[PDB]
Amino acid sequence: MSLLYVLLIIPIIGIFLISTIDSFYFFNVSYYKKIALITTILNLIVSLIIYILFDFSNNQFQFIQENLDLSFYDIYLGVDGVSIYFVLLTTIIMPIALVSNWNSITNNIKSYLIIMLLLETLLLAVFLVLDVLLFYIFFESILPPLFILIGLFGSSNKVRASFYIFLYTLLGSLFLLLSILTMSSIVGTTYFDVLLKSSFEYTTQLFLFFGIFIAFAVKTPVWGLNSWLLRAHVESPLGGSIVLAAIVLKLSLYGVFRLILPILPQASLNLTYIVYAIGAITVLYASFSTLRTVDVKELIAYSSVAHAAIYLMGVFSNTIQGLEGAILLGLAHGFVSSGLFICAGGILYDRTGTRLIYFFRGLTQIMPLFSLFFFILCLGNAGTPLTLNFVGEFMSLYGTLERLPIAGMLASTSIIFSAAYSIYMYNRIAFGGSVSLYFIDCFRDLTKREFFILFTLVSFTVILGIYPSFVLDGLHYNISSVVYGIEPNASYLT
Amino acid sequence: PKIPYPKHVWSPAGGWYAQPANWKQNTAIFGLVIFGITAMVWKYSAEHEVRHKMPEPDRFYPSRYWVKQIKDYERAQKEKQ
Amino acid sequence: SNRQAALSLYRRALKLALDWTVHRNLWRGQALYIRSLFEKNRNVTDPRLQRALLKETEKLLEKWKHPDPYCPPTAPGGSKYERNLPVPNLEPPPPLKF
Amino acid sequence: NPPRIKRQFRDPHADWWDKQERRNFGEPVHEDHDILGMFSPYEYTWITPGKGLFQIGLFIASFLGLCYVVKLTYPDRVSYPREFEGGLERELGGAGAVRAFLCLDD
Amino acid sequence: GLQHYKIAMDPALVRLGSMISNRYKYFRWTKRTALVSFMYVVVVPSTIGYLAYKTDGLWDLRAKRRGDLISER
Amino acid sequence: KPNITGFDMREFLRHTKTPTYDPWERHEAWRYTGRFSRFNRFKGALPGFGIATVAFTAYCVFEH
Amino acid sequence: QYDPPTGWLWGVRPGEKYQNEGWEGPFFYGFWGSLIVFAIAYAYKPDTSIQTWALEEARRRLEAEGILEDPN
Amino acid sequence: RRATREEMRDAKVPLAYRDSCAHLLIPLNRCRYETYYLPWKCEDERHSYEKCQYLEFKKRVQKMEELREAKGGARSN
Amino acid sequence: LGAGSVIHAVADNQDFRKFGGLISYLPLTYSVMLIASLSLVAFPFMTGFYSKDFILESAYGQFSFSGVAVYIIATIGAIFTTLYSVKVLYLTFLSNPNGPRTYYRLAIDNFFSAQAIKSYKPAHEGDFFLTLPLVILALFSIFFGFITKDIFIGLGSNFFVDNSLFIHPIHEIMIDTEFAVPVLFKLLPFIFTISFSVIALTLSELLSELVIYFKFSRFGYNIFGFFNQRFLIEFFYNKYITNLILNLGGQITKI
Amino acid sequence: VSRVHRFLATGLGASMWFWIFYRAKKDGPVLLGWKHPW
Amino acid sequence: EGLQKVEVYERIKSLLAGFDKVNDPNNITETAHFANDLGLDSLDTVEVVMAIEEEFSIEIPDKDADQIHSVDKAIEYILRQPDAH
Amino acid sequence: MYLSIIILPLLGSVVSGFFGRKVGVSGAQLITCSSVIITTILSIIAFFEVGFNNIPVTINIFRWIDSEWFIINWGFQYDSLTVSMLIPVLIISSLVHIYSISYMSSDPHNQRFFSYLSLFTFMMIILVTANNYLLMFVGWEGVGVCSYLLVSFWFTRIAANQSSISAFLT
Ligand SMILES: *P(=O)(O)OCC(C)(C)[C@H](O)C(=O)NCCC(=O)NCCSC(=O)CCCCCCCCCCCCC
Ligand SMILES: CCCCCCCCCCCCO[C@@H]1O[C@H](CO)[C@@H](O[C@H]2O[C@H](CO)[C@@H](O)[C@H](O)[C@H]2O)[C@H](O)[C@H]1O
Ligand SMILES: CCCCCCCCCCCCO[C@@H]1O[C@H](CO)[C@@H](O[C@H]2O[C@H](CO)[C@@H](O)[C@H](O)[C@H]2O)[C@H](O)[C@H]1O
């Protein structure tokens, strides 16, 4: 069997073991948690084995298994240098997601672990499948377990929040389905190798673009459309919020390198000015309203909207630099947003039971270790050099500017306004007076669990910010096949 | 007068007024680990610094005593007639 | 009323003068003039004019307000105010697992 | 909703339950509480904004006035631009570069 | 879930947050709200889009030297 | 017309001088006397000037 | 005069010790240990970057010209 | 004598000073190099460099005045 | 560092209005701070004279309108510089004592009976770690200009010949600034500094009534508060720029 | 007051006013324009 | 450590010693009273406390200005404030 | 030597900041001060070495950003302008540390203060010794972070918080 199926089967084996141990024993919930965490370690172990054996400049799909037994819907699993790092991020994030929420679930612990083990399978799949109809199948199988992850383990406004993400993500995904169905009917299949050969007529590509973009604007999400995220990324449990922002948000970032860039190039080129206008607006309106947010977890959720706009504008630049910067900023947001939900929804909400920023002040005086990590995370969210977030923004903004110079200049306002929301939140909670008077008793500082998941996540952000070539070497050759263009003395050689 | 502070708070930089008794021993140990890291960085520079101009044989230039590119030049220049 | 309120305006009128004249000797002579003005109206009783003296003098303190009145370094609004504020709660936290 | 008055204008010497922010415990709060607090943009009460535009206008006019008198009476140059032999065209980037003065007009 | 530490929950601030979370239930279409809802959603993005349309491929700085022109069109 | 308050700027400015009689005269006497007299006030405004000036004149006569 | 150093690291009061919750076991040996073993192996992984390949050829093209010196 | 353009570049004289009277900048800078730019050790190389540069300035001042009177003392800068 | 010492010596107070005397109490600070003010104003043959006044004469050296304008403009900047540097040295050291009495009470005169052991605090000078910088920094502030004035200024100096500071031969002004400028403009900042310094001392000490007529004139009440308020720039930015952004964010959030 | 502190302050005063006249005596004529520096 | 009682009393005693409006400096006691024991005018006492404010480098809030009518009360104010110099 | 000038201020900061518990207030002060002192002599030497001999020094350590046409090195170049900048930077840093041994003597938090001082010195070195504009920007941002951390050192003063936000966002 292929080694890419081993990534899928392990979480499946782990769900089986959680449901069949109580039959060998009133077993403790501690042993439920250990099995799920070990089984996400193994996926990470395997995924690094896949990465050692990867070939950084091969234009054929790798780790493929020859099926030669065709059906109507067959799983085809290939790994490519444009998808490898999305897989690695998934497998590094899911253990922290489990450890972060280790004592906070308290009830329905089996069901909680079985959903996350299910989620890791489906999100691993969406990066590994070699069809665009297969891509859609897994891109939307994550929807039922997320409706239940929010309504069982979510906060007060959990019911409306779970309806919002499900219904918005269902609606937006059904316009992508109509366009995928058109592509398949014209071409006969949705297997990548046969689609990338095929070139659609301009008018068809103009109508496939309207349909793949409706979906991804719903799933970025852009400003006019993000009302599900400000509910779902907040009412959800801590572990739900980590997966939703780090991994689920990137399903459409990686889905533009497959669905738009190679098969609808003329449409992408001629409509970019519409994308850039939308992207510029969500860099401003989201930045303006991230200043006035009184919910700490909601402030982090709103930050993701402004970040996602920068990478969306990068993936539409037709430049090798904005394309790699978009993947780097997708990865960068993955580690940093994870840490700030760990700070907001998993530490202050553990100790105070509230998310209102009015009750917090001067937390440096009694939690110095929280303050140190909270400040480093806050500076990466502000796009400060030495973090992977700065590199992703620099390259994303450069390509946005080289393609359409006016929108990149309005996108670069982020540099100013991301810094203004990030420092203002940090100053209000850690600094900004003395330990607040609403704290009747003292609050303990970080536990050894809270320290080491923040430390792990922060370490990824810095070392990748110093040596981004750890991720750039795989991207260069594979990214070099989604650029559309020619130069006069370099093309059509004889 | 020293500020009152809570004694349960742990801070990597000491917190309030924090000086251990064994601080001279801790300080000394940190001095060597610094001095060892700096020594590795110095041997790196000596072997990787790049100059396109070479120092005169007579003027003060203590880099001539540790940098390979220069030292190899003057060793070669110390071969004539 | 009209008794504690008046003495406020007096102490204020002394400081505004101090702020605009740095040299203490000159302000001292400048100060005693203010005392005379408060001494010329010692025996006004009717509330119809009692507030009018307060209401009109309340105008000159803004009509001559210093751009930056001096503040003692450790008062509200000083330069060392809230510098090393202690924690308002030094008891160990109650044992709760997280 | 209370009046939108910043707590910078409250008394720094009352019996505030929270002396730093000048707040009492159960007091009603304006919905703009975020940006009415002591850690919020400052209100400057030296002069009305209308008068300030006048005064900064007066400074600008005087600055222009000082500039104007200099233009009327400022010296002519006393040194001829220094002649370079060949224009140093080979020492500045060839003909595709800006070269120094060489037997030209003044 | 876990029991949190004791917080002097402010009756005033709790209802302020409860005001914000429930705010949208009371939004109405007035002449004022349409004006803001029209400027932010239509005018400003339409204005940005128009500049994005008219300057597309207008300028390139790549390799351009003196004697050549930044304008590509 | 004078205000209902008797204050006026012209009289305010004219009184801006050292008062002849002061109820606080003794309390404030220290700031202007002794160590704080004008001679001691500027006795050391130029610290090394005296030492240098005589020293420099020694240098000047040394050449001749 | 300086005070003694203090603090409950991990909230552990000076009497007792940190009780292991469960995560510590796999997170320290499996999670981190996998990254050290990954880092140790990553050193010996061959370089299949497009640049290491494009540099070797592009050097040889420049070497034909006077732009780069040829050892031979 | 006059120092040629080729000779001037080999001693790395600064660009704007490669003028007619820089044959004395070569020994001035060389004197400056050997003395660590101390302002009391090359007193006569400096003076010679300044004195020579002085002459070609007053020469420019003279014939500029001729240019000024050719235009009736109008603004020329 | 010098003004750091005076703030520490009293109460961590920072206001000029409450500092006076303190020249006897802080002998080293006043000299070193006057070492600095003499170079800050570019008194002849200080470290500032070889740098600050060369820009003024090289401004006039570039015989253009803009050069002459900035000479005139920066010259006014020089004269108001000398003015507030008198304000610092006079108020803090050479003025009548303005602060509380504890700043000043020595132990020579006996003001105490049963507490003579403590409760003096007569604004003492700092310790070794406080003074050794000030004295070293002052030794720089004197000799450093003259010692490196050839490395940087020279006349044809070749320190920056690696193109670190490339000047285009179509712009150079050193020869003109060396020869073209007349002696009046070459020397003018010295006259203004030596003129307004004695004037400022006279107004601050000899004739201590003119300034209050100015402050309590209405014309001067406004000119004073225009500058103390920093050209009202903060007021306008905070109200028109900063608070506009907060209300834009509120409008987007609420409406 | 302290003797060491007073000595340092007076000596730093002697640093001026001896550098001043020495530079004024030696380079003063050139600055005023009385004599060219040659 | 901080301010004592003997120190605060003997400064404030020397403060009133230089003030002319007092009837006689002999009767300056800890339980002295500005209103009747020393015989100061109502307008006089606020100018008095303004001297106390400057001597100890603090700020007397207007609410507590009405609470200072005697030396004892004045001393009790300084000692309760850890702020004074 | 040249790459040791860059590294010493960085190393002392790490000890003072994340290891202030272990060395104490005096231990931090000595290491922070002495490490910056050592860097200052190394740079006095580098001034005679680079400027007075017209010998620019290059070092390149590894890639930072390696995309096609965009290769920014973690690299340093010592030239005439570089060594001029270091001398005021390193002396004024060296003396201000010594000054601060007594200025902040009563402050509760000295290990944090002296750490920020060492950190600030590292970032100016990075700013004036980079090969490219983008590594220049690391120090440019680095000194910006160090300024915010020091205008807000007494983070319990709301005035200090306002001025640090103003330093940061301007
Ligand atoms: P004691 O009980 O014996 O009496 C105390 C007083 C008389 C104050 C009583 O409290 C009382 O009965 N009050 C009556 C108040 C009254 O009607 N008149 C008193 C004076 S009010 C007033 O405004 C007087 C004029 C003041 C003018 C100077 C202040 C403002 C000057 C301009 C600004 C500063 C200079 C630029
Ligand atoms: C397409 C469908 C939607 C996709 C998402 C699927 C989500 C599946 C959730 C996991 C399956 C159900 O999970 C199930 O939860 C119930 C809750 O009563 C648990 O049942 C147990 O709960 C608690 C656990 O302490 C016991 O005290 C109780 O006696 C027992 O009923 C089961 O042990 C668990 O297996
Ligand atoms: C960081 C992103 C940078 C790229 C985006 C911005 C690029 C801006 C480039 C502007 C210059 C482009 O090329 C420029 O075209 C403008 C068009 O008005 C010309 O500008 C000129 O036009 C007319 C003639 O038509 C002149 O009389 C007038 O003085 C001047 O405005 C310049 O002679 C030409 O050089």
# chains A, B, ... in the order shown; residues from 1 in each chain; ligands from 1
>>> residues_around(residues="residue K:62", least_positions_apart="6", cutoff="12 Å", atoms="only C-alpha atoms", output="ChimeraX atom specification")
/C:4-12 /D:11-14 /K:46,49-50,53,68
>>> write_last_selection(atoms="N, CA and C atoms", output="PDB file, in the first residue's frame")
ATOM      1  N   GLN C   4     -16.641  76.430  51.070  1.00  0.00           N
ATOM      2  CA  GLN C   4     -15.565  75.583  50.579  1.00  0.00           C
ATOM      3  C   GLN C   4     -15.307  75.840  49.104  1.00  0.00           C
ATOM      4  N   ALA C   5     -16.353  76.184  48.351  1.00  0.00           N
ATOM      5  CA  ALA C   5     -16.185  76.471  46.933  1.00  0.00           C
ATOM      6  C   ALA C   5     -15.324  77.707  46.717  1.00  0.00           C
ATOM      7  N   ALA C   6     -15.508  78.737  47.542  1.00  0.00           N
ATOM      8  CA  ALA C   6     -14.724  79.955  47.375  1.00  0.00           C
ATOM      9  C   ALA C   6     -13.245  79.711  47.647  1.00  0.00           C
ATOM     10  N   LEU C   7     -12.927  78.996  48.726  1.00  0.00           N
ATOM     11  CA  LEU C   7     -11.532  78.802  49.098  1.00  0.00           C
ATOM     12  C   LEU C   7     -10.781  78.041  48.018  1.00  0.00           C
ATOM     13  N   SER C   8     -11.490  77.183  47.280  1.00  0.00           N
ATOM     14  CA  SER C   8     -10.892  76.526  46.127  1.00  0.00           C
ATOM     15  C   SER C   8     -10.409  77.545  45.109  1.00  0.00           C
ATOM     16  N   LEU C   9     -11.276  78.484  44.730  1.00  0.00           N
ATOM     17  CA  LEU C   9     -10.903  79.508  43.763  1.00  0.00           C
ATOM     18  C   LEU C   9      -9.723  80.328  44.245  1.00  0.00           C
ATOM     19  N   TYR C  10      -9.618  80.536  45.555  1.00  0.00           N
ATOM     20  CA  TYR C  10      -8.485  81.269  46.104  1.00  0.00           C
ATOM     21  C   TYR C  10      -7.187  80.509  45.916  1.00  0.00           C
ATOM     22  N   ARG C  11      -7.143  79.259  46.375  1.00  0.00           N
ATOM     23  CA  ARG C  11      -5.931  78.470  46.223  1.00  0.00           C
ATOM     24  C   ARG C  11      -5.594  78.291  44.753  1.00  0.00           C
ATOM     25  N   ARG C  12      -6.616  78.182  43.906  1.00  0.00           N
ATOM     26  CA  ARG C  12      -6.357  78.107  42.481  1.00  0.00           C
ATOM     27  C   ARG C  12      -5.716  79.387  41.976  1.00  0.00           C
TER      28      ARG C  12
ATOM     29  N   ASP D  11     -12.466  63.593  38.174  1.00  0.00           N
ATOM     30  CA  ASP D  11     -11.584  64.109  39.204  1.00  0.00           C
ATOM     31  C   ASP D  11     -10.483  63.100  39.476  1.00  0.00           C
ATOM     32  N   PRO D  12      -9.213  63.501  39.457  1.00  0.00           N
ATOM     33  CA  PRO D  12      -8.144  62.585  39.864  1.00  0.00           C
ATOM     34  C   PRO D  12      -8.014  62.418  41.362  1.00  0.00           C
ATOM     35  N   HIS D  13      -9.005  62.835  42.150  1.00  0.00           N
ATOM     36  CA  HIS D  13      -8.913  62.783  43.601  1.00  0.00           C
ATOM     37  C   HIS D  13     -10.214  62.357  44.269  1.00  0.00           C
ATOM     38  N   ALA D  14     -11.094  61.658  43.567  1.00  0.00           N
ATOM     39  CA  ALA D  14     -12.303  61.179  44.209  1.00  0.00           C
ATOM     40  C   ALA D  14     -12.091  59.777  44.761  1.00  0.00           C
TER      41      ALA D  14
ATOM     42  N   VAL K  46      -5.943  78.828  54.388  1.00  0.00           N
ATOM     43  CA  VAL K  46      -5.675  78.156  53.122  1.00  0.00           C
ATOM     44  C   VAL K  46      -4.316  78.567  52.581  1.00  0.00           C
ATOM     45  N   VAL K  49      -1.908  76.358  54.437  1.00  0.00           N
ATOM     46  CA  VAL K  49      -1.740  74.977  54.005  1.00  0.00           C
ATOM     47  C   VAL K  49      -1.036  74.914  52.664  1.00  0.00           C
ATOM     48  N   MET K  50      -1.143  75.971  51.858  1.00  0.00           N
ATOM     49  CA  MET K  50      -0.395  76.038  50.612  1.00  0.00           C
ATOM     50  C   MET K  50       1.104  75.986  50.874  1.00  0.00           C
ATOM     51  N   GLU K  53       1.839  72.280  51.507  1.00  0.00           N
ATOM     52  CA  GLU K  53       1.851  71.534  50.254  1.00  0.00           C
ATOM     53  C   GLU K  53       3.195  71.661  49.552  1.00  0.00           C
ATOM     54  N   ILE K  68      -8.115  70.327  57.096  1.00  0.00           N
ATOM     55  CA  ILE K  68      -6.897  70.809  57.736  1.00  0.00           C
ATOM     56  C   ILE K  68      -7.239  72.125  58.423  1.00  0.00           C
TER      57      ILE K  68
END
>>> select_by_dssp(residues="chain D", states="helix (DSSP H, G or I)", output="compact mmCIF listing (two decimals) with N, CA, C and O atoms, in the first residue's frame")
# COMPACT_ATOMS: atom_id res chain seq x y z
N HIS D 33 -17.15 52.68 25.67
CA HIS D 33 -16.23 52.52 26.83
C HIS D 33 -14.79 52.25 26.39
O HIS D 33 -13.88 52.75 27.08
N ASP D 34 -14.58 51.50 25.30
CA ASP D 34 -13.21 51.15 24.91
C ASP D 34 -12.33 52.39 24.83
O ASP D 34 -11.19 52.39 25.30
N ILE D 35 -12.84 53.44 24.22
CA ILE D 35 -12.04 54.58 23.83
C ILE D 35 -12.44 55.84 24.59
O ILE D 35 -12.22 56.94 24.12
N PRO D 49 -10.53 73.97 18.25
CA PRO D 49 -9.88 73.63 16.97
C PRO D 49 -9.98 74.72 15.93
O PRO D 49 -9.05 74.86 15.12
N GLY D 50 -11.07 75.49 15.91
CA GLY D 50 -11.18 76.56 14.93
C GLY D 50 -10.08 77.59 15.08
O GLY D 50 -9.49 78.04 14.09
N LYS D 51 -9.78 77.98 16.32
CA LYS D 51 -8.76 79.00 16.55
C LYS D 51 -7.37 78.48 16.19
O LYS D 51 -6.52 79.26 15.76
N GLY D 52 -7.13 77.18 16.38
CA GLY D 52 -5.83 76.63 16.07
C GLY D 52 -5.49 76.69 14.60
O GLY D 52 -4.36 77.02 14.24
N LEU D 53 -6.45 76.39 13.74
CA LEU D 53 -6.23 76.52 12.31
C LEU D 53 -5.83 77.95 11.95
O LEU D 53 -5.03 78.15 11.04
N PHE D 54 -6.38 78.93 12.66
CA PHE D 54 -5.95 80.31 12.46
C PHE D 54 -4.49 80.48 12.83
O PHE D 54 -3.68 80.95 12.03
N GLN D 55 -4.11 80.06 14.04
CA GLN D 55 -2.77 80.30 14.54
C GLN D 55 -1.72 79.53 13.75
O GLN D 55 -0.63 80.05 13.49
N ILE D 56 -2.01 78.29 13.37
CA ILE D 56 -1.08 77.58 12.51
C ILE D 56 -1.08 78.21 11.12
O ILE D 56 -0.09 78.10 10.39
N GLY D 57 -2.18 78.85 10.74
CA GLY D 57 -2.17 79.64 9.52
C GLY D 57 -1.28 80.86 9.63
O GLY D 57 -0.59 81.23 8.67
N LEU D 58 -1.28 81.52 10.79
CA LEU D 58 -0.40 82.67 10.98
C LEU D 58 1.07 82.27 10.91
O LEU D 58 1.88 82.99 10.33
N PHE D 59 1.42 81.12 11.49
CA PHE D 59 2.81 80.69 11.41
C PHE D 59 3.21 80.40 9.98
O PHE D 59 4.33 80.70 9.56
N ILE D 60 2.30 79.79 9.21
CA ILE D 60 2.61 79.49 7.82
C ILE D 60 2.84 80.78 7.03
O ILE D 60 3.81 80.91 6.28
N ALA D 61 1.96 81.77 7.22
CA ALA D 61 2.09 83.02 6.49
C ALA D 61 3.41 83.71 6.80
O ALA D 61 4.09 84.20 5.90
N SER D 62 3.79 83.75 8.08
CA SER D 62 5.06 84.35 8.44
C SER D 62 6.23 83.59 7.83
O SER D 62 7.20 84.19 7.37
N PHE D 63 6.14 82.26 7.81
CA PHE D 63 7.18 81.46 7.18
C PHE D 63 7.28 81.77 5.69
O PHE D 63 8.39 81.90 5.15
N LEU D 64 6.14 81.88 5.01
CA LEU D 64 6.16 82.30 3.62
C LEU D 64 6.69 83.72 3.48
O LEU D 64 7.44 84.02 2.56
N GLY D 65 6.30 84.61 4.40
CA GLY D 65 6.78 85.98 4.35
C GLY D 65 8.28 86.07 4.48
O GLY D 65 8.94 86.84 3.77
N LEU D 66 8.86 85.28 5.39
CA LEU D 66 10.31 85.24 5.50
C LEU D 66 10.95 84.66 4.25
O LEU D 66 12.01 85.11 3.82
N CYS D 67 10.31 83.66 3.65
CA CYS D 67 10.82 83.10 2.41
C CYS D 67 10.77 84.13 1.28
O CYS D 67 11.68 84.20 0.45
N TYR D 68 9.70 84.93 1.24
CA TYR D 68 9.52 85.86 0.13
C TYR D 68 10.61 86.92 0.11
O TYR D 68 11.12 87.27 -0.97
N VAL D 69 10.99 87.45 1.27
CA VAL D 69 11.98 88.52 1.29
C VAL D 69 13.34 88.01 0.84
O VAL D 69 14.13 88.75 0.24
N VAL D 70 13.64 86.74 1.12
CA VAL D 70 14.93 86.18 0.71
C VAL D 70 15.02 86.09 -0.81
O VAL D 70 16.08 86.34 -1.39
N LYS D 71 13.92 85.72 -1.46
CA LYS D 71 13.94 85.59 -2.92
C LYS D 71 14.21 86.93 -3.59
O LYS D 71 14.91 86.99 -4.60
N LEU D 72 13.65 88.01 -3.04
CA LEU D 72 13.85 89.32 -3.64
C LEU D 72 15.31 89.75 -3.60
O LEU D 72 15.81 90.34 -4.57
N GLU D 85 38.32 68.25 -17.29
CA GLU D 85 38.85 67.91 -18.60
C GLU D 85 38.19 66.62 -19.08
O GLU D 85 38.30 65.57 -18.44
N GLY D 86 37.43 66.72 -20.17
CA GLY D 86 36.70 65.60 -20.73
C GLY D 86 35.39 65.31 -20.05
O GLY D 86 34.68 64.38 -20.47
N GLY D 87 35.03 66.05 -19.01
CA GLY D 87 33.80 65.81 -18.30
C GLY D 87 33.83 64.62 -17.38
O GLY D 87 32.81 64.32 -16.75
N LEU D 88 34.97 63.93 -17.27
CA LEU D 88 35.08 62.70 -16.49
C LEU D 88 34.03 61.69 -16.92
O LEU D 88 33.54 60.89 -16.11
>>> residues_around(residues="stretch 36-45 of chain K", least_positions_apart="3", cutoff="10 Å", atoms="only C-alpha atoms", output="PyMOL selection string")
(chain C and resi 3+6-7+10-11+35+38-39+42) or (chain K and resi 21-29+31-33+48-51+65-66+68-70)
>>> residues_near_ligand(ligand="ligand 3", cutoff="9 Å", atoms="only C-alpha atoms and all ligand atoms", output="list in words")
residues 401, 402, 404, 405, 406, 408 and 409 of chain A; 55, 58, 59, 60, 61, 68, 69, 70, 71 and 72 of chain E
>>> residues_around(residues="residue H:22", least_positions_apart="4", cutoff="12 Å", atoms="only C-alpha atoms", output="ChimeraX atom specification")
/D:84 /H:1-5,7-9,11-18,26-29,46,48-53,56 /I:155-157
>>> write_last_selection(atoms="C-alpha atoms", output="PDB file, in the first residue's frame")
ATOM      1  CA  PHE D  84      36.729  69.158 -15.724  1.00  0.00           C
TER       2      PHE D  84
ATOM      3  CA  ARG H   1      52.853  69.611 -13.622  1.00  0.00           C
ATOM      4  CA  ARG H   2      49.347  68.438 -14.469  1.00  0.00           C
ATOM      5  CA  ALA H   3      48.408  64.928 -13.369  1.00  0.00           C
ATOM      6  CA  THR H   4      46.731  62.830 -16.101  1.00  0.00           C
ATOM      7  CA  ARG H   5      43.251  61.229 -15.737  1.00  0.00           C
ATOM      8  CA  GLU H   7      47.333  58.523 -13.192  1.00  0.00           C
ATOM      9  CA  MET H   8      44.603  60.133 -11.038  1.00  0.00           C
ATOM     10  CA  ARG H   9      42.494  56.996 -10.883  1.00  0.00           C
ATOM     11  CA  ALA H  11      45.715  56.643  -6.474  1.00  0.00           C
ATOM     12  CA  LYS H  12      41.936  56.648  -5.899  1.00  0.00           C
ATOM     13  CA  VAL H  13      41.625  60.413  -5.519  1.00  0.00           C
ATOM     14  CA  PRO H  14      37.971  61.306  -4.818  1.00  0.00           C
ATOM     15  CA  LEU H  15      35.943  61.924  -7.916  1.00  0.00           C
ATOM     16  CA  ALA H  16      34.911  65.566  -7.618  1.00  0.00           C
ATOM     17  CA  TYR H  17      38.524  66.488  -6.807  1.00  0.00           C
ATOM     18  CA  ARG H  18      40.043  65.130 -10.019  1.00  0.00           C
ATOM     19  CA  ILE H  26      48.079  62.790  -4.231  1.00  0.00           C
ATOM     20  CA  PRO H  27      50.896  63.756  -1.816  1.00  0.00           C
ATOM     21  CA  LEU H  28      48.447  65.369   0.597  1.00  0.00           C
ATOM     22  CA  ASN H  29      46.354  62.221   0.930  1.00  0.00           C
ATOM     23  CA  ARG H  46      47.789  70.741   3.344  1.00  0.00           C
ATOM     24  CA  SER H  48      50.288  73.674  -0.516  1.00  0.00           C
ATOM     25  CA  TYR H  49      47.081  71.907  -1.514  1.00  0.00           C
ATOM     26  CA  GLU H  50      44.950  74.755  -0.163  1.00  0.00           C
ATOM     27  CA  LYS H  51      47.119  77.490  -1.688  1.00  0.00           C
ATOM     28  CA  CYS H  52      47.030  75.922  -5.147  1.00  0.00           C
ATOM     29  CA  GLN H  53      43.262  75.386  -5.009  1.00  0.00           C
ATOM     30  CA  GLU H  56      42.080  78.543  -9.464  1.00  0.00           C
TER      31      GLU H  56
ATOM     32  CA  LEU I 155      39.703  69.455   1.978  1.00  0.00           C
ATOM     33  CA  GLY I 156      40.306  66.530  -0.366  1.00  0.00           C
ATOM     34  CA  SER I 157      40.183  63.787   2.207  1.00  0.00           C
TER      35      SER I 157
END
>>> residues_near_ligand(ligand="ligand 2", cutoff="12 Å", atoms="only C-alpha atoms and all ligand atoms", output="ChimeraX atom specification")
/A:15-23,26-30,32,105-119,122,140-153
>>> atom_distance(atom1="atom CA of residue A:433", atom2="atom CA of residue B:6")
16.9 Å
